[PDB]
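> For reference, the structure I am asking about is given below.
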Amino acid sequence: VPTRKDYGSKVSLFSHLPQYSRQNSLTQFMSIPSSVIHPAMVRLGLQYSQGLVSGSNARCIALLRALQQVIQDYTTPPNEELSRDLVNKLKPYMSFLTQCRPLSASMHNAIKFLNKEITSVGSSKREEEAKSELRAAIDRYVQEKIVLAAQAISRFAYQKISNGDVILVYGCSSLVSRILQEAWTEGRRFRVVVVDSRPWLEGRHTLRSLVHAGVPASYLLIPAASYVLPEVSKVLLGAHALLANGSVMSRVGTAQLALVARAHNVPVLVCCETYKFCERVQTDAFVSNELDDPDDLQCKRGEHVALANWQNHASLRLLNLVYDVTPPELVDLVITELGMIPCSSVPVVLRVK
Amino acid sequence: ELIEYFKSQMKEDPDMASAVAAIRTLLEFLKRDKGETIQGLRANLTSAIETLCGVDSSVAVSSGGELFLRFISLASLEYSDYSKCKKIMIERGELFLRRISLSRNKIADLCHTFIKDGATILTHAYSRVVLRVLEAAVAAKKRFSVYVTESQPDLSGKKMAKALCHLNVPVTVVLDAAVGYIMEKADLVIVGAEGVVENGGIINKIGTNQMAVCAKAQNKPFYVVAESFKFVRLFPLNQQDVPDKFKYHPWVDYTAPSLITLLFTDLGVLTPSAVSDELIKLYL
């Protein structure tokens with residue numbers, strides 16, 4: 001498998017991060033009937049590259065379904081044990097998926113759990129029995145780590161929402177949308193303020209999700225967040241990962257919103273599951289991040305595009321960050337499936353399980 | 001002697017401040033003075049100011065006395081005859097009294113604009129300036145709520161609430177220990193002042209400083225309404241640097257200018273950096 005090529009000139013501060021282009025892909029230098037990589041893995045990597053699956057739990061679910069299909073299509077070779085052979089076989093697939101798009105924390109945790117489950121397979125176990133048990137374990141993981149873990153968080157966040165509240169959300173989040181919909185269904189009467197940002201503009205995925213539910217929702221961009229915050233009662237933010245030092249790694253417009261919310265005495269709430277907890281730490285968005293396609297910053301304002309041909313200018317760089325890190329002092333409450341714990345109890349949950 | 005009797009009788013107007021009555025007594029005793037030299041008049045009025053601040057231990061009396069002495073020096077620097085200079089002093093004191101007795105109305109007119117419709121205002125104790133500001137605000141068809149602390153030393157909060165209830169304004173009396181509790185429900189804090197120090201801070205009731213901190217911790221706006229004759233050339237480094245003549249359970253304390261947003265004087269809306277400029281231009 002050939003390595004993916006870099007596109008454009010990266011920033012000096014982010015020169016250690018890969019920057020790819022959505023237009024080009026690796027499937028041009030691969031077999032049409034895939035042989036080295038599994039066809040399901042190739043489809044998943046193409047969907048990750050084209051941006052068809054652009055979430056956090058959705059990416060993990062798609063990866064787990066592709067892994068289930070691979071295990072179902074897996075056949076152990078002679079003279080080899082399944083425990084080592086499957087682990088050695090699933091490594092190039094993860095390398096190709098990382099080449100397509102940098103993996104998320106949920107995907108890393110799922111890969112680690114599946115590797116542990118495969119390594120913990122006995123030798124005397126039959127092939128079909130082991131494959132069926134692995135599929136059942138993946139199904140139970142999906143059930144009790146995403147589906148069952150969201151209902152507990154929705155039930156815990158219901159007692160924190162009161163009548164007449166003004167909740168401010170940001171971007172697109174499955175857990176936040178589910179919590180708001182269930183709170184409106186239970187009987188709570190409030191209104192939501194949706195904040196969005198360029199170039200993904202995924203906040204509209206939540207806005208039209210609330211109007212279809214009946215919740216009165218407003219829409220505005222992230223530069224106008226300090227104007228609407230004086231009327232906001234509480235801020236509900238989604239988390240892509242909770243680091244071992246209490247910091248919150250999420251969409252690039254999260255730490256800024258939490259900082260501006262602190263200046264207005266607005267409590268900041270973070271919702272995340274226990275399967276997204278990382279044992280690693282991070283103090284700034286410079287050591288580990290993701291550089292998306294820099295051609296997405298181009299916008300047509302008026303008649304022409306100011307960034308139509310930015311490659312001609314030598315000293316012109318286009319930075320398109322994806323993730324950012326929020327310090328623990330800006331987070332007031334963290335809602336998980338175990339209960340409402342402070343932002344400093346992240347290692348404890350990492351130690352219990 | 002009889003200067004204390006006149007000064008205490010001048011405070012029969014419930015709306016007249018103590019410093020205003022002190023200045024009026026000083027002007028009356030300057031009029032009735034039979035001296036023939038400027039130095040003797042200066043010394044007699046200095047001892048009279050000493051006696052007045054010995055009667056009333058407020059900072060406003062000392063500020064007014066210093067302002068009167070500076071005005072005397074300024075009027076003496078020009079003519080140097082002590083007869084025409086005395087007539088000039090008399091007419092200038094008359095004009096100064098007529099101009100300074102109506103400063104509260106101007107402060108209210110220029111400050112009542114900062115109050116929005118439906119906002120929450122926090123006050124510490126009873127002061128005529130905040131009362132006039134709230135009256136001018138409610139006269140402009142504005143609706144708001146007022147929280148006031150009781151000021152345990154002397155229950156001025158209940159008096160302020162009783163005075164505000166006559167204006168048909170929703171008022172609620174809170175305890176001095178509950179300042180940090182209702183701080184989140186207050187949109188702005190408006191306090192008076194008994195004396196403005198050189199740097200820009202204020203000298204007010206004992207429960208003021210601890211309220212300026214709790215507001216700073218919550219980014220709440222903190223406005224101070226005070227007149228111009230309360231500018232005194234003092235620089236307290238801390239709570240212990242305040243002179244004992246003003247504190248006497250302390251009855252007064254100092255608040256730093258970094259915790260003050262704006263000052264509303266008869267000179268206009270100023271920052272804490274303008275008091276030092278005015279005091280330097282005055283050469284007090």
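By convention in this document, the chains of the structure tokens carry letters A, B, ... by their order, each chain's residues are numbered from 1, and ligands are numbered from 1 in the order they are shown.
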Could you tell me which residues of chain B sit within 10 Å of chain A when counting only C-alpha atoms, and give me the result as a ChimeraX atom specification?

/B:184,217-220

> Could you name the residues that touch residue 74 (chain A) at 10 Å or less, counting only C-alpha atoms, but leaving out those on the same chain fewer than 3 positions away, as a PyMOL selection string?

chain A and resi 38+68-71+77+82+86+89+127-128+131

> Residues of the last selection are to be written out with N, CA, C and O atoms, as a compact mmCIF listing (two decimals), in the first residue's frame.


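Everything below was put into out_29.txt:
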```
# COMPACT_ATOMS: atom_id res chain seq x y z
N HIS A 38 -9.01 -5.67 2.95
CA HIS A 38 -10.36 -6.21 2.84
C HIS A 38 -11.26 -5.21 2.11
O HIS A 38 -11.12 -4.00 2.29
N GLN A 68 -16.49 -6.53 12.21
CA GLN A 68 -17.34 -7.72 12.28
C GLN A 68 -17.41 -8.43 10.94
O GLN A 68 -17.31 -9.66 10.87
N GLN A 69 -17.56 -7.66 9.85
CA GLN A 69 -17.59 -8.27 8.52
C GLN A 69 -16.26 -8.94 8.19
O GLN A 69 -16.23 -10.03 7.60
N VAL A 70 -15.14 -8.31 8.58
CA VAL A 70 -13.83 -8.89 8.32
C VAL A 70 -13.65 -10.19 9.10
O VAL A 70 -13.14 -11.18 8.57
N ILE A 71 -14.07 -10.20 10.37
CA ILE A 71 -13.96 -11.41 11.18
C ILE A 71 -14.84 -12.51 10.61
O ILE A 71 -14.46 -13.69 10.60
N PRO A 77 -5.27 -19.53 8.76
CA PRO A 77 -4.44 -20.40 7.94
C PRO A 77 -3.93 -21.58 8.75
O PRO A 77 -3.96 -21.54 9.99
N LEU A 82 -5.32 -18.50 15.83
CA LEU A 82 -6.16 -17.35 15.51
C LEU A 82 -5.78 -16.13 16.35
O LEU A 82 -5.84 -15.00 15.86
N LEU A 86 -5.01 -13.15 13.75
CA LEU A 86 -6.00 -12.10 13.54
C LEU A 86 -5.44 -10.74 13.95
O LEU A 86 -5.69 -9.73 13.27
N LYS A 89 -3.10 -9.62 11.31
CA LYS A 89 -3.80 -9.31 10.06
C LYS A 89 -4.55 -7.98 10.14
O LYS A 89 -4.64 -7.27 9.14
N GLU A 127 -12.97 -22.45 15.43
CA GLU A 127 -12.87 -21.24 14.62
C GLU A 127 -14.22 -20.52 14.53
O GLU A 127 -14.31 -19.32 14.82
N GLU A 128 -15.27 -21.24 14.13
CA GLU A 128 -16.58 -20.62 14.00
C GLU A 128 -17.10 -20.13 15.34
O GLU A 128 -17.69 -19.05 15.43
N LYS A 131 -15.24 -16.91 16.18
CA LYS A 131 -15.71 -15.80 15.36
C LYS A 131 -17.07 -15.31 15.83
O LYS A 131 -17.31 -14.10 15.94
```

> Can you list every residue in region 13-235 of chain B that DSSP puts in alpha helix (DSSP H), as a compact mmCIF listing (two decimals) with N, CA, C and O atoms, in the first residue's frame?


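Final file, selection-v2.txt:
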```txt
# COMPACT_ATOMS: atom_id res chain seq x y z
N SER B 18 -23.49 66.28 54.99
CA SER B 18 -22.70 66.82 56.10
C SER B 18 -21.63 67.78 55.60
O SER B 18 -21.38 68.82 56.22
N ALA B 19 -20.98 67.44 54.48
CA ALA B 19 -19.94 68.31 53.94
C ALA B 19 -20.53 69.64 53.47
O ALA B 19 -19.89 70.69 53.61
N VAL B 20 -21.74 69.61 52.90
CA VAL B 20 -22.38 70.85 52.46
C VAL B 20 -22.67 71.75 53.66
O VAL B 20 -22.43 72.96 53.61
N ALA B 21 -23.18 71.17 54.75
CA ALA B 21 -23.44 71.95 55.95
C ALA B 21 -22.15 72.50 56.54
O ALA B 21 -22.11 73.64 57.03
N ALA B 22 -21.08 71.70 56.51
CA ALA B 22 -19.79 72.18 57.01
C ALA B 22 -19.28 73.35 56.18
O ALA B 22 -18.77 74.34 56.73
N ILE B 23 -19.41 73.26 54.85
CA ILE B 23 -18.97 74.35 53.99
C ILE B 23 -19.81 75.60 54.22
O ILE B 23 -19.29 76.72 54.23
N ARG B 24 -21.12 75.43 54.43
CA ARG B 24 -21.98 76.58 54.71
C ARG B 24 -21.60 77.23 56.03
O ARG B 24 -21.57 78.47 56.13
N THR B 25 -21.30 76.43 57.05
CA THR B 25 -20.87 76.98 58.33
C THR B 25 -19.54 77.72 58.19
O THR B 25 -19.35 78.79 58.77
N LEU B 26 -18.61 77.15 57.41
CA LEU B 26 -17.33 77.81 57.19
C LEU B 26 -17.51 79.14 56.47
O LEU B 26 -16.87 80.14 56.82
N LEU B 27 -18.40 79.18 55.47
CA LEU B 27 -18.64 80.44 54.76
C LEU B 27 -19.31 81.46 55.67
O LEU B 27 -18.98 82.66 55.61
N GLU B 28 -20.24 81.02 56.52
CA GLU B 28 -20.88 81.94 57.45
C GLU B 28 -19.87 82.52 58.43
O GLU B 28 -19.88 83.73 58.71
N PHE B 29 -18.97 81.69 58.96
CA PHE B 29 -17.97 82.18 59.90
C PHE B 29 -16.89 83.00 59.21
O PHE B 29 -16.24 83.82 59.86
N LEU B 30 -16.68 82.80 57.90
CA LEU B 30 -15.81 83.70 57.15
C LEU B 30 -16.47 85.05 56.94
O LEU B 30 -15.80 86.09 56.97
N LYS B 31 -17.78 85.06 56.72
CA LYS B 31 -18.51 86.31 56.59
C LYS B 31 -18.49 87.10 57.90
O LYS B 31 -18.19 88.30 57.91
N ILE B 38 -5.10 88.01 56.15
CA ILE B 38 -5.45 86.74 55.53
C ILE B 38 -4.90 85.57 56.34
O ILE B 38 -5.53 84.50 56.41
N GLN B 39 -3.73 85.73 56.97
CA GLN B 39 -3.14 84.64 57.73
C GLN B 39 -3.97 84.30 58.96
O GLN B 39 -4.18 83.12 59.27
N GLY B 40 -4.45 85.32 59.67
CA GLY B 40 -5.30 85.06 60.82
C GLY B 40 -6.60 84.38 60.44
O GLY B 40 -7.06 83.47 61.14
N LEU B 41 -7.21 84.81 59.34
CA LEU B 41 -8.43 84.16 58.86
C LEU B 41 -8.16 82.71 58.48
O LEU B 41 -8.95 81.82 58.81
N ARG B 42 -7.04 82.46 57.79
CA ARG B 42 -6.69 81.09 57.42
C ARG B 42 -6.51 80.21 58.65
O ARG B 42 -7.01 79.09 58.70
N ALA B 43 -5.80 80.72 59.66
CA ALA B 43 -5.57 79.94 60.87
C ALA B 43 -6.86 79.69 61.63
O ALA B 43 -7.10 78.57 62.12
N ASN B 44 -7.71 80.71 61.76
CA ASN B 44 -8.97 80.55 62.45
C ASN B 44 -9.86 79.53 61.75
O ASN B 44 -10.47 78.67 62.40
N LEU B 45 -9.93 79.59 60.42
CA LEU B 45 -10.76 78.64 59.70
C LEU B 45 -10.16 77.24 59.70
O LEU B 45 -10.89 76.25 59.67
N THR B 46 -8.83 77.13 59.77
CA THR B 46 -8.21 75.82 59.90
C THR B 46 -8.57 75.18 61.24
O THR B 46 -8.94 74.00 61.30
N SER B 47 -8.47 75.95 62.32
CA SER B 47 -8.88 75.43 63.62
C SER B 47 -10.37 75.13 63.66
O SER B 47 -10.80 74.17 64.32
N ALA B 48 -11.18 75.92 62.95
CA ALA B 48 -12.61 75.66 62.89
C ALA B 48 -12.90 74.36 62.15
O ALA B 48 -13.78 73.59 62.57
N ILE B 49 -12.19 74.10 61.05
CA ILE B 49 -12.34 72.83 60.35
C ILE B 49 -11.90 71.68 61.25
O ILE B 49 -12.52 70.60 61.26
N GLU B 50 -10.83 71.88 62.02
CA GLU B 50 -10.40 70.86 62.97
C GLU B 50 -11.52 70.54 63.96
O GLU B 50 -11.83 69.37 64.21
N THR B 51 -12.15 71.58 64.51
CA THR B 51 -13.26 71.37 65.44
C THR B 51 -14.44 70.67 64.76
O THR B 51 -15.07 69.78 65.35
N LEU B 52 -14.73 71.04 63.51
CA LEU B 52 -15.86 70.44 62.80
C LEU B 52 -15.64 68.95 62.56
O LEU B 52 -16.53 68.14 62.83
N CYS B 53 -14.46 68.58 62.06
CA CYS B 53 -14.16 67.16 61.91
C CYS B 53 -13.98 66.45 63.24
O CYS B 53 -14.08 65.22 63.29
N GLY B 54 -13.72 67.19 64.32
CA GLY B 54 -13.78 66.59 65.64
C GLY B 54 -15.20 66.28 66.08
O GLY B 54 -15.43 65.33 66.82
N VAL B 55 -16.16 67.08 65.62
CA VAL B 55 -17.56 66.80 65.91
C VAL B 55 -18.07 65.64 65.06
O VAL B 55 -18.55 64.63 65.59
N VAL B 59 -15.36 61.46 56.38
CA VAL B 59 -14.32 61.93 55.47
C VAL B 59 -14.82 63.10 54.63
O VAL B 59 -14.02 63.92 54.15
N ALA B 60 -16.13 63.20 54.44
CA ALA B 60 -16.68 64.28 53.62
C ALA B 60 -16.43 65.64 54.26
O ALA B 60 -16.18 66.63 53.56
N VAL B 61 -16.47 65.70 55.60
CA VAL B 61 -16.21 66.97 56.29
C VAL B 61 -14.77 67.41 56.06
O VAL B 61 -14.51 68.58 55.77
N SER B 62 -13.83 66.48 56.18
CA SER B 62 -12.43 66.82 55.94
C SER B 62 -12.19 67.22 54.49
O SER B 62 -11.43 68.15 54.21
N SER B 63 -12.84 66.51 53.55
CA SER B 63 -12.70 66.86 52.14
C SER B 63 -13.22 68.27 51.87
O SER B 63 -12.59 69.05 51.15
N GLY B 64 -14.39 68.59 52.43
CA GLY B 64 -14.94 69.93 52.26
C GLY B 64 -14.07 71.00 52.89
O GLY B 64 -13.91 72.09 52.34
N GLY B 65 -13.48 70.70 54.05
CA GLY B 65 -12.58 71.66 54.67
C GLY B 65 -11.34 71.91 53.85
O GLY B 65 -10.91 73.06 53.69
N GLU B 66 -10.75 70.84 53.30
CA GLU B 66 -9.58 71.01 52.44
C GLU B 66 -9.94 71.78 51.17
O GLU B 66 -9.16 72.62 50.71
N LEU B 67 -11.11 71.50 50.60
CA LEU B 67 -11.55 72.24 49.42
C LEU B 67 -11.75 73.71 49.73
O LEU B 67 -11.40 74.58 48.92
N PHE B 68 -12.32 74.02 50.90
CA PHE B 68 -12.52 75.41 51.28
C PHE B 68 -11.18 76.12 51.50
O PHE B 68 -11.02 77.28 51.11
N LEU B 69 -10.22 75.43 52.11
CA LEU B 69 -8.90 76.03 52.29
C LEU B 69 -8.21 76.28 50.95
O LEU B 69 -7.58 77.33 50.75
N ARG B 70 -8.33 75.33 50.02
CA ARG B 70 -7.74 75.53 48.70
C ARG B 70 -8.41 76.68 47.96
O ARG B 70 -7.74 77.46 47.28
N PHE B 71 -9.73 76.81 48.09
CA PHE B 71 -10.44 77.93 47.49
C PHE B 71 -9.99 79.25 48.10
O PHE B 71 -9.84 80.26 47.39
N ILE B 72 -9.78 79.27 49.42
CA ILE B 72 -9.30 80.48 50.08
C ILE B 72 -7.93 80.87 49.54
O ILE B 72 -7.66 82.04 49.23
N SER B 73 -7.03 79.89 49.41
CA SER B 73 -5.69 80.17 48.89
C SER B 73 -5.76 80.67 47.45
O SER B 73 -5.04 81.60 47.07
N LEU B 74 -6.62 80.05 46.63
CA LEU B 74 -6.75 80.47 45.23
C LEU B 74 -7.28 81.89 45.13
O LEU B 74 -6.82 82.67 44.28
N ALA B 75 -8.25 82.25 45.98
CA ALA B 75 -8.79 83.60 45.93
C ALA B 75 -7.83 84.62 46.52
O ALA B 75 -7.88 85.80 46.16
N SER B 76 -6.95 84.19 47.43
CA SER B 76 -5.97 85.10 48.00
C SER B 76 -4.79 85.33 47.07
O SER B 76 -4.14 86.38 47.14
N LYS B 84 -11.17 93.80 48.93
CA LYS B 84 -11.69 93.33 47.65
C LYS B 84 -11.54 91.82 47.54
O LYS B 84 -12.42 91.14 47.00
N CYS B 85 -10.45 91.28 48.08
CA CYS B 85 -10.28 89.83 48.13
C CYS B 85 -11.36 89.19 48.99
O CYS B 85 -11.85 88.11 48.67
N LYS B 86 -11.76 89.86 50.08
CA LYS B 86 -12.82 89.31 50.92
C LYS B 86 -14.17 89.34 50.21
O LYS B 86 -14.95 88.38 50.30
N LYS B 87 -14.47 90.43 49.50
CA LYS B 87 -15.71 90.47 48.72
C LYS B 87 -15.72 89.40 47.64
O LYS B 87 -16.75 88.75 47.40
N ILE B 88 -14.58 89.20 46.97
CA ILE B 88 -14.48 88.17 45.95
C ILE B 88 -14.67 86.79 46.57
O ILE B 88 -15.36 85.93 46.01
N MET B 89 -14.08 86.56 47.75
CA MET B 89 -14.27 85.29 48.44
C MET B 89 -15.73 85.06 48.78
O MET B 89 -16.25 83.95 48.62
N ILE B 90 -16.42 86.11 49.24
CA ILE B 90 -17.83 85.97 49.62
C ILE B 90 -18.68 85.61 48.40
O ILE B 90 -19.48 84.67 48.44
N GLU B 91 -18.51 86.35 47.30
CA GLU B 91 -19.33 86.08 46.13
C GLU B 91 -18.99 84.73 45.51
O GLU B 91 -19.89 84.00 45.05
N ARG B 92 -17.71 84.35 45.51
CA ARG B 92 -17.32 83.06 44.97
C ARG B 92 -17.84 81.92 45.83
O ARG B 92 -18.23 80.87 45.31
N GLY B 93 -17.88 82.11 47.15
CA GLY B 93 -18.46 81.10 48.02
C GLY B 93 -19.95 80.96 47.83
O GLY B 93 -20.49 79.85 47.85
N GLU B 94 -20.64 82.09 47.63
CA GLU B 94 -22.07 82.03 47.31
C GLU B 94 -22.31 81.25 46.03
O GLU B 94 -23.17 80.36 45.98
N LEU B 95 -21.56 81.57 44.97
CA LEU B 95 -21.72 80.86 43.70
C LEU B 95 -21.37 79.39 43.85
O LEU B 95 -22.04 78.52 43.27
N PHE B 96 -20.32 79.08 44.62
CA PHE B 96 -19.91 77.69 44.81
C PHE B 96 -20.97 76.90 45.56
O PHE B 96 -21.24 75.74 45.22
N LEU B 97 -21.59 77.50 46.57
CA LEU B 97 -22.68 76.83 47.28
C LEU B 97 -23.87 76.60 46.36
O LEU B 97 -24.45 75.51 46.33
N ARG B 98 -24.25 77.63 45.59
CA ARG B 98 -25.38 77.49 44.68
C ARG B 98 -25.12 76.43 43.62
O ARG B 98 -26.06 75.77 43.17
N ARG B 99 -23.87 76.27 43.20
CA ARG B 99 -23.55 75.28 42.18
C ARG B 99 -23.40 73.88 42.76
O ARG B 99 -23.76 72.89 42.10
N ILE B 100 -22.90 73.76 43.99
CA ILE B 100 -22.66 72.45 44.59
C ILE B 100 -23.90 71.88 45.27
O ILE B 100 -23.95 70.66 45.52
N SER B 103 -25.74 69.44 42.63
CA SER B 103 -24.93 68.46 41.93
C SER B 103 -25.56 67.07 41.92
O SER B 103 -25.32 66.30 40.99
N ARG B 104 -26.36 66.75 42.94
CA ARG B 104 -27.00 65.44 43.00
C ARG B 104 -27.96 65.24 41.84
O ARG B 104 -28.02 64.15 41.25
N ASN B 105 -28.72 66.28 41.49
CA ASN B 105 -29.64 66.18 40.36
C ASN B 105 -28.88 65.95 39.05
O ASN B 105 -29.31 65.14 38.22
N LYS B 106 -27.76 66.64 38.86
CA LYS B 106 -26.97 66.43 37.65
C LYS B 106 -26.38 65.02 37.61
O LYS B 106 -26.37 64.38 36.55
N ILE B 107 -25.88 64.54 38.75
CA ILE B 107 -25.37 63.17 38.81
C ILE B 107 -26.45 62.18 38.43
O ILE B 107 -26.22 61.23 37.68
N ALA B 108 -27.67 62.39 38.95
CA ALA B 108 -28.78 61.50 38.60
C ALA B 108 -29.09 61.57 37.11
O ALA B 108 -29.28 60.54 36.46
N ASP B 109 -29.15 62.79 36.55
CA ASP B 109 -29.47 62.94 35.13
C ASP B 109 -28.45 62.24 34.25
O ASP B 109 -28.80 61.67 33.21
N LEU B 110 -27.17 62.27 34.64
CA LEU B 110 -26.14 61.66 33.81
C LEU B 110 -25.92 60.18 34.11
O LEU B 110 -25.28 59.49 33.31
N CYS B 111 -26.42 59.68 35.24
CA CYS B 111 -26.19 58.29 35.61
C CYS B 111 -27.39 57.39 35.33
O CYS B 111 -27.20 56.19 35.06
N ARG B 128 -28.26 59.20 49.69
CA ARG B 128 -29.18 60.07 48.96
C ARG B 128 -28.89 60.09 47.47
O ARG B 128 -29.81 60.29 46.67
N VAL B 129 -27.63 59.87 47.08
CA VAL B 129 -27.28 59.92 45.66
C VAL B 129 -27.89 58.75 44.91
O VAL B 129 -28.48 58.92 43.83
N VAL B 130 -27.77 57.54 45.46
CA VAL B 130 -28.38 56.37 44.82
C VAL B 130 -29.90 56.51 44.81
O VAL B 130 -30.57 56.11 43.84
N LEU B 131 -30.47 57.09 45.87
CA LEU B 131 -31.91 57.30 45.90
C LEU B 131 -32.36 58.25 44.80
O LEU B 131 -33.35 57.98 44.10
N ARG B 132 -31.63 59.35 44.61
CA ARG B 132 -31.97 60.30 43.55
C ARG B 132 -31.79 59.67 42.18
O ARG B 132 -32.59 59.91 41.26
N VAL B 133 -30.74 58.85 42.01
CA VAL B 133 -30.51 58.19 40.73
C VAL B 133 -31.66 57.23 40.41
O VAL B 133 -32.18 57.21 39.29
N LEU B 134 -32.07 56.44 41.40
CA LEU B 134 -33.18 55.51 41.18
C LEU B 134 -34.49 56.24 40.95
O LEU B 134 -35.33 55.77 40.17
N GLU B 135 -34.69 57.39 41.60
CA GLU B 135 -35.90 58.17 41.35
C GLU B 135 -35.91 58.72 39.93
O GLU B 135 -36.94 58.66 39.25
N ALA B 136 -34.78 59.24 39.47
CA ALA B 136 -34.70 59.73 38.09
C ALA B 136 -34.85 58.60 37.09
O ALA B 136 -35.36 58.81 35.98
N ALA B 137 -34.41 57.39 37.44
CA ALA B 137 -34.57 56.25 36.54
C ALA B 137 -36.02 55.79 36.47
O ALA B 137 -36.53 55.51 35.38
N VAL B 138 -36.69 55.70 37.62
CA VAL B 138 -38.09 55.29 37.63
C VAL B 138 -38.99 56.38 37.06
O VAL B 138 -40.12 56.08 36.64
N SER B 156 -29.18 50.90 57.92
CA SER B 156 -29.51 51.83 56.85
C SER B 156 -30.15 51.14 55.66
O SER B 156 -30.80 51.81 54.85
N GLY B 157 -29.99 49.82 55.54
CA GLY B 157 -30.62 49.11 54.43
C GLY B 157 -32.13 49.08 54.55
O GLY B 157 -32.84 49.23 53.55
N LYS B 158 -32.65 48.89 55.76
CA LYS B 158 -34.09 48.93 55.96
C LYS B 158 -34.64 50.32 55.68
O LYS B 158 -35.73 50.46 55.11
N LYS B 159 -33.90 51.36 56.07
CA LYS B 159 -34.32 52.73 55.76
C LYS B 159 -34.32 52.98 54.26
O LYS B 159 -35.24 53.62 53.73
N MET B 160 -33.30 52.49 53.55
CA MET B 160 -33.26 52.63 52.10
C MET B 160 -34.42 51.89 51.45
O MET B 160 -35.03 52.40 50.50
N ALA B 161 -34.75 50.70 51.95
CA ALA B 161 -35.88 49.95 51.40
C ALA B 161 -37.20 50.66 51.66
O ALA B 161 -38.08 50.68 50.79
N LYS B 162 -37.36 51.24 52.85
CA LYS B 162 -38.57 52.00 53.14
C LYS B 162 -38.68 53.23 52.26
O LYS B 162 -39.78 53.60 51.83
N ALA B 163 -37.56 53.89 51.98
CA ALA B 163 -37.58 55.05 51.10
C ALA B 163 -37.86 54.65 49.65
O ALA B 163 -38.50 55.41 48.92
N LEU B 164 -37.40 53.47 49.23
CA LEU B 164 -37.64 53.02 47.87
C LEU B 164 -39.06 52.49 47.68
O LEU B 164 -39.59 52.56 46.57
N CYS B 165 -39.67 51.96 48.74
CA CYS B 165 -41.03 51.44 48.62
C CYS B 165 -42.03 52.55 48.30
O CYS B 165 -43.06 52.29 47.66
N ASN B 209 -16.18 47.10 50.43
CA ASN B 209 -15.03 46.47 49.81
C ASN B 209 -15.29 45.00 49.51
O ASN B 209 -15.04 44.52 48.40
N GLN B 210 -15.81 44.26 50.50
CA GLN B 210 -16.09 42.85 50.29
C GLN B 210 -17.16 42.62 49.24
O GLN B 210 -17.28 41.50 48.72
N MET B 211 -17.94 43.64 48.90
CA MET B 211 -18.89 43.54 47.80
C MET B 211 -18.27 43.88 46.46
O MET B 211 -18.74 43.41 45.42
N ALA B 212 -17.21 44.69 46.46
CA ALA B 212 -16.52 45.00 45.21
C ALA B 212 -15.68 43.83 44.72
O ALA B 212 -15.44 43.70 43.52
N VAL B 213 -15.24 42.97 45.64
CA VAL B 213 -14.46 41.80 45.25
C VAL B 213 -15.37 40.73 44.65
O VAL B 213 -15.10 40.20 43.57
N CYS B 214 -16.47 40.42 45.34
CA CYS B 214 -17.39 39.40 44.84
C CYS B 214 -17.97 39.77 43.48
O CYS B 214 -18.30 38.88 42.69
N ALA B 215 -18.10 41.07 43.20
CA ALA B 215 -18.52 41.48 41.87
C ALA B 215 -17.40 41.29 40.86
O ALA B 215 -17.64 40.84 39.73
N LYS B 216 -16.16 41.62 41.25
CA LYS B 216 -15.03 41.45 40.34
C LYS B 216 -14.84 39.99 39.97
O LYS B 216 -14.49 39.67 38.82
```

> How far is it from CA of residue 146 (chain B) to CA of residue 227 (chain A), in Å with one decimal?

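Those two atoms sit 24.9 Å apart.
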
> As a tab-separated table (two decimals) with C-alpha atoms, in the first residue's frame, please: the residues near residue 160 (chain A) (cut-off 12 Å, only C-alpha atoms, same-chain neighbours under 3 positions excluded).


```tsv
chain	number	residue	atom	x	y	z
A	153	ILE	CA	-26.50	10.42	30.31
A	154	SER	CA	-29.86	11.63	28.98
A	155	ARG	CA	-31.50	10.69	32.29
A	156	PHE	CA	-28.76	12.41	34.30
A	157	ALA	CA	-28.96	15.61	32.24
A	163	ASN	CA	-38.30	25.35	32.61
A	165	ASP	CA	-33.68	27.71	30.45
A	167	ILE	CA	-29.21	26.17	26.55
A	179	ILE	CA	-30.53	14.76	25.48
A	180	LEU	CA	-32.38	17.84	24.23
A	183	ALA	CA	-35.82	16.54	27.74
A	188	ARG	CA	-39.26	20.42	29.94
A	233	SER	CA	-28.56	30.10	31.16
A	234	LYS	CA	-26.20	27.15	30.61
A	235	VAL	CA	-23.86	25.83	27.92
A	236	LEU	CA	-24.03	22.19	26.79
A	267	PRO	CA	-22.02	27.25	33.74
A	268	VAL	CA	-20.31	24.97	31.21
A	269	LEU	CA	-21.46	21.35	30.99
A	333	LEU	CA	-19.66	19.63	35.25
A	334	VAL	CA	-19.01	16.41	33.32
A	335	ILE	CA	-22.00	14.13	32.72
A	340	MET	CA	-22.42	13.69	37.49
```

> List the spatial neighbours of residue 252 (chain A) as a count of residues only - criterion: any atom at most 6 Å away, only C-alpha atoms, same-chain residues fewer than 2 positions off excluded.

4

> Please list as a PyMOL selection string every residue within 10 Å of residue 274 (chain B), counting only C-alpha atoms and excluding residues in the same chain fewer than 5 positions away.

chain B and resi 198-200+263+269+279-280

> Find the residues near region 97-99 of chain A: any atom within 10 Å, counting only C-alpha atoms, skip ones fewer than 3 places away on the same chain, and give them as a PyMOL selection string.

chain A and resi 1-5+18+20+25-26+41-42+44-46+48-49+63+91-94+102-104
